[PDB]
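Since the structure comes first, as C-alpha cells, the remarks are kept for the end.
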Amino acid sequence: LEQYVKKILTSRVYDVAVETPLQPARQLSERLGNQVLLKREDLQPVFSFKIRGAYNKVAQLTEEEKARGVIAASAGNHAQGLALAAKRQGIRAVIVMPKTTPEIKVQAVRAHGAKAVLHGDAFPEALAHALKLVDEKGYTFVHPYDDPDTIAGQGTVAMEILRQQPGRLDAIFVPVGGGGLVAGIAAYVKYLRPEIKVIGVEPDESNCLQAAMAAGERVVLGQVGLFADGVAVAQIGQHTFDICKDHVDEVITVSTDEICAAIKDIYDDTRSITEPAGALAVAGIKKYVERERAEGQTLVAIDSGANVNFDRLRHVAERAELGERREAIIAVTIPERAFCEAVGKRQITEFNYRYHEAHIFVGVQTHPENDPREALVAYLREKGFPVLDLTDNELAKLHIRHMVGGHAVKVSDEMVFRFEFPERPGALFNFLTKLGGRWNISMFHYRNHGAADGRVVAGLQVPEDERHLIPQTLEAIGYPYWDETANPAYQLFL
Amino acid sequence: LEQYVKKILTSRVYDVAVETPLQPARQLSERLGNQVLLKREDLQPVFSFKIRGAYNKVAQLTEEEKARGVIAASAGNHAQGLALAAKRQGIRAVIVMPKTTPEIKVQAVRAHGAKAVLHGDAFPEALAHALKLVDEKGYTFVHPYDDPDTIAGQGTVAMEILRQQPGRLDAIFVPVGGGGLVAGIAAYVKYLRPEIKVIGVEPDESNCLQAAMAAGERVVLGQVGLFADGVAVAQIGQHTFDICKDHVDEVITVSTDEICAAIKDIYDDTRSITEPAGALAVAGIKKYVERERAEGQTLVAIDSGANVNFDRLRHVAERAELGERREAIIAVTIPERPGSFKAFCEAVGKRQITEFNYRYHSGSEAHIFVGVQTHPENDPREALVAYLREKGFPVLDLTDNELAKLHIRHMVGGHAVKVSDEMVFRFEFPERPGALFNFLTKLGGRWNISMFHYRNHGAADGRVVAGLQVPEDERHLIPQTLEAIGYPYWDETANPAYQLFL
Amino acid sequence: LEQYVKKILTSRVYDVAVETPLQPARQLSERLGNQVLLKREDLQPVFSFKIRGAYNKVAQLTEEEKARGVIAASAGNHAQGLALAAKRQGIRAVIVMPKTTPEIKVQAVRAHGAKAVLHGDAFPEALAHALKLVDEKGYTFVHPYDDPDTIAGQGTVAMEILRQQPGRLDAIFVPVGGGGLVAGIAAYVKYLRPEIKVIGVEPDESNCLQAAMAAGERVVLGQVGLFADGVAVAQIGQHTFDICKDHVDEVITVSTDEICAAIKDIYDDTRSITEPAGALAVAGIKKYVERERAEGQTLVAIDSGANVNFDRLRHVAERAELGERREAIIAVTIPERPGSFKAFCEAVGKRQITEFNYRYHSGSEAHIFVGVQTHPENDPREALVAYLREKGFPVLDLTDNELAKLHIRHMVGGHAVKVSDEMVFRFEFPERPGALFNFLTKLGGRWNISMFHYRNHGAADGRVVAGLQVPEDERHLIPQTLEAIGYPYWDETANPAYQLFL
Amino acid sequence: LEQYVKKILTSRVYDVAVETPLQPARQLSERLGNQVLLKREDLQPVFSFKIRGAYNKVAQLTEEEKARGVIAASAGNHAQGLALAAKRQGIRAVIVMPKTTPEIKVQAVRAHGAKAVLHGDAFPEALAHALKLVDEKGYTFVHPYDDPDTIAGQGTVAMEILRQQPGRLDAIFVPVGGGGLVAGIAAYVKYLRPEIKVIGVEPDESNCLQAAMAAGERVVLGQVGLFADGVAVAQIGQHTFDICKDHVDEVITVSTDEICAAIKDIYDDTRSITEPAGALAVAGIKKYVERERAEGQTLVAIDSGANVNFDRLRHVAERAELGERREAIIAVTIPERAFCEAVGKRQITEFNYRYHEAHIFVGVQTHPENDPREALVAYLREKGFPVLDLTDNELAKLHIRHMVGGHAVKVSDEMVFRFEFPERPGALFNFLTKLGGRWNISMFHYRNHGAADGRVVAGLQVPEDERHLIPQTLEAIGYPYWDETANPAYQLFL
C-alpha cells in the first residue's frame with residue numbers, strides 16, 4: 001500500500017499521459033439528487049486511461065530491455081496505449097493480435113509505428129505466440145493490468161481525483177477488467193482517504209472481480225460478454241486481486257441496457273462518447289443511488305475509454321431509446337365507414353399496413369406527463385377504433401415492426417410507388433390526404449426514427465384502364481416518386 | 001474590414017469562451033492526400049461556437065440595455081450560448097422556444113438560470129413572441145447572427161486559427177446558417193492573410209448564402225431542410241451578407257448523406273460527435289478535394305457544434321452505411337424443404353449477417369431476404385454472390401436496390417397463406433459471427449420453419465423470431481427441445497400482435 | 001499603421017518570448033492617487049523585451065540570409081536577445097562587443113552558443129567590425145531597433161497590454177533608445193485605441209526622440225549619457241521616427257536621480273530590480289502625475305529590462321537616498337576633553353548613525369562629522385538638531401550641503417597636527433542602534449580619542465577605527481583593556497597606510 | 001513520516017500559494033562543475049514560502065476557531081504569510097509585533113487587512129502579549145514553524161521539487177530558522193527518495209539546528225545574528241527537531257560575506273534578489289562543492305525569500321564586491337620632477353590627496369588574468385614611483401578610503417572648487433590635464449563606484465592677486481563647477 005503509493009508518486013506517466021478533467025454531470029446530478037463527477041480518461045491521447053500504466057511500465061525498463069523492445073498481446077485499448085508508449089520512448093513495439101482482429105484496430109496500432117503481428121483465432125493463441133517471442137527475441141512483455149508498475153500508473157487517476165475534489169467525496173466507481181485500474185485507485189484512496197468507498201463496476205456477463213471477492217479466490221469465468229469488450233477478462237489478475245480483496249468495498253454489476261443508457265447520459269451532459277466499458281461507472285452510480293436511496297452524496301465515475309466503433313452507436317441508441325418510453329406502438333383497425341384527425345400533428349415513427357379488415361401498425365411519439373399514450377388510446381377507442389396497445393409488447397417492437405407486408409392473396413391491379421417528402425408536423429397525414437382515395441391503398445410502409453426525408457412506399461389498386469392517369473395524378477401531389485411495380489424485390493417478397 | 005478587425009481584437013469573448021484546439025484529422029488526411037485540420041468549436045462550454053458571439057454582443061450592451069435583461073428565440077445553440085453569456089454577466093435572460101421543443105434542451109437553458117418560455121408550434125411564432133416581449137418588457141433582443149458585435153465575436157475563431165496555423169493554409173471551410181460565423185472569419189482572414197480561401201458550406205436544402213451570392217441580393221428560400229438544424233435559415237443576414245458578398249470565395253453545397261459520412265469521419269479521427277451543421281465543413285472539404293483533385297493542401301474545417309440528440313445517431317449511421325456499400329442485400333431462392341433454410345445459412349458462413357428474413361408463401365419455393373457485411377478488398381460482395389450461385393443458389397443482388405434497403409427490409413412477413421400448425425417463438429443468443437447458424441444447428445430440423453425475422457445492426461444480443469410448423473401431436477416435445485438449445489425463449493403463439501398482423 | 005499591425009498580428013515572437021504580467025504597483029499607486037501598472041518585460045528569458053524584436057527579425061529572414069548566420073554589435077540586451085533568438089532558430093550568431101566589455105556579459109552570450117568577438121575600445125569600433133564582417137563573411141546584420149520586423153516584434157508588448165487592460169487606460173509610458181519599442185507600441189495603440197496616450201521617456205542626457213520631434217528631423221545628439229546604458233542612442237532610427245513623429249504624443253525627460261528613485265519604487269512594490277533604462281517609464285509617470293496633477297488615471301509603465309550589474313546598485317541606492325533626505329548630516333563642535341566625544345554620542349541616542357568621524361586638529365575644540373537617519377513624521381531632522389543645540393551643542397546642519405554629502409564624508413582625517421602618543425585600533429561589533437555608544441562605553445575613557453572613523457550604510461557588522469593617545473608608560477594596559485571590550489580588534493599603529501596618510 | 005506525507009498530499013496550500021519554478025543557475029553551474037537548481041519560493045505572493053505553512057494551518061481550523069480569528073507574533077515573513085492567508089479565508093488576523101518594528105513592515109501587514117498591534121521592545125514581549133490575547137479573546141495562535149500543519153504546508157516545496165526533478169538529485173539545501181521548512185522537506189524526501197541528502201544551511205551567528213543536532217537536544221543560543229533576519233531563531237522547534245534529528249543529514253554554516261556573495265550569484269543567474277535567509281542555500285552549495293570537490297552532481301537550493309529592504313542592497317553589493325578582487329588600492333608617491341600615462345585608460349575608483357611629499361590614495365580596476373595589479377605596481381615602480389600595494393590592507397579599504405584630507409598646516413591661498421564631468425575612459429586624467437598646473441593642487445577627492453557623473457573637489461593655491469583669473473580659467477576647462485571656498489563644511493574639517 002505504502003509501496004504502491006510511493007510508486008504512484010514517482011510514476012513517469014506525465015511524459016505522455018495528461019491530467020484529465022473531473023467534470024460535473026449536471027443533468028444526471030439533478031435527476032439523481034447527488035453530485036456526480038465524471039473523470040474524463042477518454043481525453044487521453046489513446047482515448048483510454050491505458051496509456052498511463054503501459055507508459056509507466058515501459059519507462060521503468062532497463063536500457064538493455066528497451067534496446068530489445070517490448071511486446072504485448074492485445075487487440076484493444078492496451079495495444080494502443082503500449083504502442084504510443086513505445087513510440088514516446090523511441091523503442092520498438094510488437095503487438096500480437098488474433099488473425100480475426102478487425103482491420104481498423106490493426107491500423108490504429110500501426111499508426112503509432114508498432115508492428116502488429118496477426119496470429120491466432122482468439123486471444124490465448126495470440127498470447128502464447130507473444131510469450132514465445134519473449135524467449136526467442138528477448139522482448140519484454142507488457143501486461144495490460146497484472147504488473148505493479150502498470151497498477152501504479154493507473155493509480156495516478158486517483159492521485160488526480162483526490163487533488164481535484166479535496167472536499168466531500170463519498171465513493172469512486174471504477175470499471176473492472178483484470179483490475180489494474182481499480183487496484184491502483186484503491187491503493188491510493190485507501191492510503192490517503194480511506195473514508196472514500198471504492199466501488200468496482202462490472203457487466204453481468206463479465207464479473208470476474210465480483211465472483212473472486214465472493215469466493216475469496218481468483219475464479220475463472222466460463223465465458224465473458226462481448227458487448228463490454230474493454231473488460232472482457234475471465235480471471236482477475238494476481239497482483240490486482242491482492243489489493244482488491246481488501247481495498248475494494250464491493251463490485252456492482254450492470255446489464256447491457258443499463259450500459260447503453262449510461263452512454264447516453266454521459267453524452268447528454270458532456271457530448272462525449274464512451275465505449276461500453278467506459279460507461280460502466282455511471283451505470284453503477286445509477287444502480288447504487290437507487291439501491292441506497294442516496295441523497296446529497298458526491299459520487300465519481302471513471303469514464304475510462306471512448307474506443308467504440310461508430311456502427312455500434314446505432315445499437316446503443318436503439319437500446320437507450322427503449323428506456324425513454326416515448327414511442328407508443330398501437331395496432332389500429334380502420335372500419336369501412338379521420339383517424340389522422342384524432343392522432344393530430346404527433347410525430348409518427350411507424351405507419352405500416354398491408355391488405356388482408358384493415359389493420360395499421362402505428363408508432364407515435366408520446367410523453368408520460370405531457371401526452372400519455374393511455375389517454376390517446378382511450379380517445380381513439382371512444383371514436384370507434386379498435387386499438388391494441390403494443391407498447392410493452394416485445395415481439396411488436398423487436399420484430400413485427402419489420403414484418404408487416406407479405407403477399408396478399410386477392411390484390412390484383414396492385415402498382416407500387418415510392419415517395420419522398422420533407423419531414424414536418426403533419427407531413428405524413430398531409431401526404432396521405434393529397435394521395436387521396438382515387439385508388440385504394442393496398443399497402444403502406446413508413447418509418448421515421450430521426451429521419452431527414454419522409455420515405456414511404458404505397459401499393460395502389462389501379463385498374464389497367466386507369467393507368468394512363470398515373471403520371472398526372474401522382475405529379476399533382478407534388479412529391480418525387482418512383483414506379484416500383486416491376487422492382488424484383490417487390491415481386492418476390494410482396 | 002478594418003472596423004471588424006478592430007472589434008475582433010477588442011472582443012470580450014474570453015470571459016467565458018475558450019481557445020479551442022486545431023486538431024489533425026489523421027485518417028481523413030491520409031485518405032484525401034491533404035492535411036485536414038479540425039477547429040474544435042464543439043469543445044466550447046455550450047458545445048458550439050455561439051458562446052463567442054452571444055457573449056460579445058451582451059458584453060457590449062449599455063447598462064441601460066442590460067437593466068431589464070436580454071431575450072432570444074432559439075431551440076438550440078444560440079439559446080445555450082446566450083443563456084450562459086447572460087449568467088456570466090449576471091443579467092436576466094429569457095429564451096423563447098416552441099411548445100414542441102424537447103425537454104432536454106429546455107432544461108439545458110434553465111440550468112444556466114435563464115427563463116425558458118414555451119410558445120408556438122414553430123420557430124416563427126416563438127420569434128414573434130420574443131420580439132413582442134422586447135417592447136412589452138424592455139428586454140434587449142440578441143440576434144443569433146445578424147449583429148456586428150456577434151460577427152466580431154465569431155471572428156475570434158479566425159484569430160485563433162491564424163495564430164495556430166501560421167504556415168501553409170490553403171482554405172478554411174465554414175458552415176453557413178445566417179452568416180455570422182463565416183462573416184467574422186472572412187473579415188479577419190481577408191484582412192490579414194487574403195491568400196487563404198474562405199469557403200462557405202451549406203446543405204443543398206438550405207443554401208441561403210450560395211443563392212444570395214449568385215443573385216447578388218438577399219433571396220428568401222421557399223423552405224429550408226430541417227436535417228442540418230443548426231443552419232436552418234431562409235435568408236442571409238444583412239450585416240453578414242455585406243461582408244460575405246465580397247469576402248467569401250464561394251459556397252459549396254452538400255447532401256444529407258454527405259453530412260452523415262462527415263459525422264462518421266470526424267468521429268473516426270477524434271471520437272467527437274458533431275451535429276449535422278458541425279460536420280458541413282468536412283463534407284465541403286471532401287467535395288472540394290475531389291472537384292479540384294487537390295493534393296498537398298492544408299484545409300481547415302470548423303467543427304462548429306455537437307448539439308445533436310443522441311437518438312439521431314441511428315439515422316446518421318444508417319445513411320453513412322449507404323455509400324461504402326459494405327452491406328450486401330441479396331434475395332435467395334431455396335426449395336421448400338425441412339433443412340434448406342439452415343443449409344443456406346451454412347453457405348453464408350461465419351460473417352456478420354445483418355438481415356435473414358423469410359415467410360412461407362407457397363410449397364413451390366421460398367425466398368430469403370439476406371443482409372451480409374462485405375468488404376471491397378477483404379470479402380467482396382461480387383465474389384460472395386458468385387460463390388453462392390456456384391453452390392446452386394439463385395441469388396438476386398439487391399445491394400443497389402433502394403426499395404430493398406429502405407422498405408423491403410421491413411416488409412418480409414405478412415399473413416400465413418393458409419391455416420396450419422404455426423407456433424411462434426422468440427429467442428435471444430450472444431451476437432457473434434456464426435451465432436445464427438449455431439442457433440439453427442441447435443434448433444435442429446424436427447419442424448419446418450415457416451417464418452423468420454432476424455436483424456443485426458451492431459447488436460450485442462442476437463434476437464430472432466421463428467414460426468415453426470408443429471403438429472398438435474408433437475407439441476409435447478417443444479419445452480424440452482427449446483430448453484435444450486440453452487437460450488432464453490418465449491412462446492409468442494398467442495401474442496395478439498402476431499395474430500393480427502401475421 | 002495597418003501594415004505594422006498586420007505584421008504584429010503575424011509575428012513569430014512566441015516561439016521563445018513569453019507573455020509577461022501587467023502588475024499593480026500598490027504602494028506607488030497609493031502615493032500617486034492613480035492606478036499604476038507595470039509591464040514586466042524583465043521577466044523575458046533574457047531579462048529584457050529585446051527577445052521579441054530580435055526573434056521576429058531573425059524568423060522573417062530568408063533561408064539564404066540565415067545560411068551563413070546573423071551578426072550584431074551589442075554589449076548588452078540586444079546581444080542576449082539575438083543570441084537566444086539564433087539558438088532557437090538553430091542558426092549561427094556572432095556578437096561583436098568592445099574589448100572592455102565585462103566578462104559576465106561576454107559569457108552570457110557564449111552560453112547561448114553565440115560567438116562573442118571582442119573588438120574595439122568603444123561601441124562604434126565594434127559596430128564597424130560587425131558591419132565589415134557582414135560583407136566579408138555574408139552574415140546578415142540584425143539591428144537593435146531600426147527594422148520593420150524588429151518594430152513589429154516589440155509591438156507585441158502593446159498587443160498584450162491592451163488585452164490585459166481592456167478597460168480604462170489613460171497612458172502608456174515607454175523608454176526610448178532608438179525607438180523600436182515605442183514605435184511598435186505606438187503603431188498598435190494608435191490603430192486600436194487611439195484615445196490612449198503613448199508617452200516616451202528618455203534621460204535628460206539621451207533625449208534623441210524628444211529632440212527629433214521638436215526639430216522635425218532626426219538630429220544627432222553631440223553625446224549621450226552612459227548611466228541609462230540601455231537607451232544610449234545619439235540618433236532616432238529612421239523606420240522608428242517615421243512612426244513616432246505622428247503617433248507618439250510626447251517625450252518626457254527625467255534625471256539620473258529620478259531614475260534611481262524609480263528603481264527603488266519598483267523594487268519596493270515588486271522585488272524586481274530594473275536597469276536604469278527599465279525604470280525610465282515609472283520615472284516618467286511620477287513626473288507626469290505631478291505636472292498634470294493627475295488623479296484616478298490608469299497609467300502603464302514598461303519595465304523594459306533588468307540587466308544592470310549588481311555593483312551599480314551601490315550608486316543607485318546612494319542617489320535614491322538623496323531626496324527623501326532621511327539622512328541628516330551635521331557638524332557638531334565639542335570641547336577637547338577626555339569624555340566629550342562619548343557624551344555627544346550619548347546625546348544622539350539609539351538611532352541609526354551613518355557617519356561619526358573626527359580627527360584632532362587643536363586643543364581649543366573638536367568637530368564631529370555626524371550622519372543620522374531621520375524621518376519627517378517619526379523622528380524629524382529639525383527637532384533633533386534643536387534637541388542637540390538645546391543641550392548646549394553647536395550644530396551646523398549640512399543635510400542640504402552637497403560638498404558635505406559627496407566629499408567631506410570621505411575627507412575627515414588627515415595628518416596629526418603634532419607628534420604625539422597616537423596608537424590606532426580597528427574594531428568590529430554587531431551593528432544595531434546604540435551599538436556605537438555601547439562600544440564607546442565599553443572602551444571607556446583612559447585614553448583620549450584623537451581620531452575616529454565610522455560609517456554605517458546598511459552594514460551588518462559595525463566597523464570603527466580609533467586613534468587613542470596612549471602614553472608609553474600606559475601601553476602595557478592595552479591588550480587587557482581592549483580584550484575586555486569583547487570584540488575583535490587589530491592594532492594598526494604600524495599599518496603603512498595609516499603612517500603615510502594619517 | 002507517513003503521517004506527514006499524508007498531510008502534505010492533502011494540504012490546502014494551492015488556494016493561494018503557487019507552484020514555483022525550479023530554475024537552472026547557468027553561470028553558477030559552470031563555475032562549480034555541478035548542476036545547480038534554484039527553487040524560486042521568492043515568487044510566492046508574499047515573496048517567501050511562508051504562505052504555504054501559514055495557509056495550511058489556518059485552513060485546517062474549525063469554523064468556530066475561524067470565526068474568532070487568528071493571531072501571531074512576528075514582524076517578518078510569517079506575519080505577511082499569515083496576513084494573506086487570513087485574508088484569503090475571509091477571517092480576522094491580529095499580528096503582534098514590537099513597538100520598535102520598522103514602519104514599512106507594519107504597513108505590509110496592514111496592506112493585507114490584518115490588525116498590526118505594536119507591543120514590546122523585542123519579540124518575547126510581543127509573543128507574551130499575543131499568548132495573552134489567545135486566552136482573552138479566543139484567537140487561534142499560528143506558529144511560524146512549530147506546528148504539524150505548518151510543517152506539512154512547507155513540505156509541499158519538496159513535493160514540487162521531486163516532481164520537477166525526477167532524475168538525478170544528489171542533495172537539497174534548505175535554510176533553517178526554527179526548522180519548519182527543512183522538517184517538511186526532510187519528511188517528504190526521506191519518505192519518497194531517501195537517497196537524496198537533505199542539508200540544512202544556517203548562518204554562523206544563528207546555528208540553532210546545527211548545535212541541537214550536535215548536542216542531541218534543543219539548545220538555546222545565547223544570541224542570534226541580525227543580518228540573516230529570516231532565520232533569527234535561538235532554539236529549534238520541538239515538532240521540527242523531532243523530524244530533523246533523524247532525517248536531516250547535516251547542517252552547513254556560512255558567514256555574512258558568503259551570504260552576500262550568494263545573493264549576487266543568484267542575481268547574476270536569475271535577476272532575482274534574495275534576502276540573506278533566502279541566499280543561505282546557495283552559499284551552502286558553494287561551501288559543499290569545495291569541501292567535497294563535488295563534480296557532476298545535481299544540487300538544489302531553496303531560494304526561500306526576497307524580503308530585504310533596498311537600503312541593505314548597497315551593503316550586500318559592497319561586501320560581494322570584495323570577493324571579486326577587481327579593485328587595486330595603491331599609495332603612490334609623486335616626485336617633484338605622467339603617472340596617468342602609466343595607469344592609462346583604466347577605470348579609477350579612488351583618487352584622493354591632501355598636501356602635507358605628495359601621496360595619492362588610488363583605486364583602480366584590474367583583472368587577475370587580463371590586467372593583474374602586480375604587473376602594474378612593478379611597472380609604476382620601475383618608472384620611479386614609490387608605490388605601496390594596499391589591496392589586501394583592510395584598514396585602507398574600510399577606513400583610509402574615507403580619511404584622506406584633514407587640515408594642512410601651511411596651505412595658505414587655498415581655494416576649493418567642486419566639478420562634475422561625464423564619466424568616460426580617461427575622463428579623470430583628461431580633467432586633471434585640462435585643469436592644468438597654473439595653480440598648485442593642494443587637495444583632491446574623487447570616488448567612482450558605479451557613478452554616472454564624475455564628481456571631484458579640488459583645492460588650488462591661488463594667490464590673492466590672481467583670483468580675478470579664476471572664472472575665465474575654470475570656465476575654459478568646460479565643466480560645471482562651484483566655488484566652495486566659503487563652504488562651512490570645508491572650513492571646519494579641511
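Sequence lines set the chain letters: A, B, ... in the order given, protein chains first and strands last, and positions in each chain run from 1.
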[X] versus chain D, heavy atoms under 4.5 Å apart: side chain, backbone, both or neither?
| X | answer |
| --- | --- |
| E365(C) | neither |
| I259(C) | neither |
| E431(C) | backbone |
| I104(C) | both |
| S272(C) | neither |
| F369(C) | both |

Pick one of side chain, backbone, both or neither for [X], based on which atoms fall under 4.5 Å of a heavy atom in chain C.
| X | result |
| --- | --- |
| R418(D) | side chain |
| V308(D) | both |
| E318(D) | both |
| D311(D) | backbone |

Determine the minimum heavy-atom distance between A317(C) and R314(D), stating which atoms define it.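 Smallest heavy-atom distance, with atoms named: CB-CB, 4.0 Å.
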Chain C contacts, top residue of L398(D), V409(D), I263(D) (heavy-atom pairs, under 4.5 Å):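 Ranked by heavy-atom pairs under 4.5 Å with chain C, first place is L398(D).
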Do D491(C) and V424(C) touch side chain to side chain, with heavy atoms closer than 4.5 Å?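 Answer no - side chains too far apart.
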